[PDB]
Amino acid sequence: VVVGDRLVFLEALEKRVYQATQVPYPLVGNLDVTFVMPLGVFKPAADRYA
Amino acid sequence: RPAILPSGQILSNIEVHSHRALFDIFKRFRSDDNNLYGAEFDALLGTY
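Each protein sequence line maps, in turn, to chains U and l. Using the authors' numbering, read the first sequence as starting at 346 and increasing by one per residue. Using the authors' numbering, read the second sequence as starting at 3 and increasing by one per residue.
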């Protein structure tokens with residue numbers, strides 16, 4: 346397949362290899378994010394408006 | 003006592019321990035069990 350101004354292979358090894366065996370696939374990586382949220386903060390007396 | 007000659011070849015390449023529901027009896031030995039060798043037999047010895 347041609348991408349940009351280049352010629353590259355393009356292959357997925359889920360069928361040739363890894364098929365019907367108990368080793369998982371390596372390209373399914375893992376992202377990691379850490380959330381945060383405030384529990385009981387109290388806005389000052391000037392931002393209490395509807 | 004497994005089979006001696008296979009009739010026709012299979013085509014699918016799929017793991018099988020997860021599909022043990024479809025079959026009636028299912029036995030998986032690890033590698034070269036020493037049990038499938040011994041072969042005994044009954045016999046009838048002469049008729050009068």
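The beta carbon of each residue, even a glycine, is placed where N, CA and C say it ideally should be.
Closest by C-alpha distance to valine 18(l), out of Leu7(l), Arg30(l) and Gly10(l), is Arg30(l).
With a beta-carbon spacing of about 20 Å, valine 353(U) and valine 362(U) fall beyond the 8 Å limit used to define contacts. Taking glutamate 359(U) as reference, the option from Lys388(U), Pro371(U), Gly349(U) and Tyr394(U) with the minimal CA-CA separation is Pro371(U).
Among the residues of chain l, none has a CB under 7 Å from the CB of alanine 357(U); the nearest is roughly 16 Å distant. What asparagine 15(l) touches in chain U, judged by beta-carbon distance under 8 Å, is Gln364 and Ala365, going in chain order. Partner residues in the beta bridge of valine 348(U), as assigned by DSSP, are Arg351(U).
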